[PDB]
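J.:
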Amino acid sequence: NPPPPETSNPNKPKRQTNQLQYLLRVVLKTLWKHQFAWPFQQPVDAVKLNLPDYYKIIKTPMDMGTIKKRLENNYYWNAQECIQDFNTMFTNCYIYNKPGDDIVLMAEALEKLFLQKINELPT
Ligand SMILES: FC(F)(F)c1nnc2ccc(NCCc3c[nH]c4ccccc34)nn12
Ligand SMILES: [Cl-]
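Letter by letter, the sequence shown follows residues 44 to 166 in UniProt numbering.
Given below as structure tokens:
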């Protein structure tokens, strides 16, 4: 396993915005409770899950546990940065797997719910 993505970086400029607060309170916390959220709540453990090629393929890993901790730690500058992390998470699942795989069906459902929630954001 490589080290997981950082959740703190003292030199990085940070900001609290209404949209980032909404991404944590509403978007993250709703997706987190979905029946399909569990594979995505922590970094992929390639040793535990016996996926020795996972990080041979996936070079920008991302997961909702990392996103949650970034949001709680005030890591982001803006909502778009956080949205990009969600998109990286979904894309990684699609890249490492194949259409029709159970885990891909899970990511597809979560991505549709994610887009539904970010379609309208607070001002
Ligand atoms: F680690 C991640 F994020 F779960 C993840 N991303 N791509 C993948 C590809 C395979 C995988 N095997 C872990 C156990 C498992 C076997 N069949 C499943 C069907 C749905 C969910 C988990 C599984 N886990 N995996
Ligand atoms: Cl601020």
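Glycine included, every Cβ here is placed at the ideal spot set by N, Cα and C.
Below 8 Å on the Cβ atoms is my contact criterion, and I expect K57 with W120 to pass it. Report the Cβ-Cβ distance as a whole number of Å.
T.: 6 Å
J.: Hey, would you say the C-beta of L92 is under 7 Å away from at least one heavy atom of ligand 1?
T.: True, at least one ligand heavy atom lies under 7 Å from that Cβ.
J.: Confirm the yes/no value for this check: CB of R58, any heavy atom of ligand 2, distance under 7 Å.
T.: For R58, the Cβ falls inside the 7 Å cut-off from some heavy atom of ligand 2.
J.: Please list, in chain order, all residues of the same chain as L153 whose beta carbon is under 8 Å from its beta carbon, the five residues on each side excluded.
T.: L74, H77, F79, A80, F83, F133
J.: With respect to 7 Å, is the separation between the Cβ of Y139 and the closest non-hydrogen atom of ligand 1 below this value?
T.: yes
J.: To the nearest angstrom, report how far apart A89 and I101 are at their CA atoms.
T.: 11 Å
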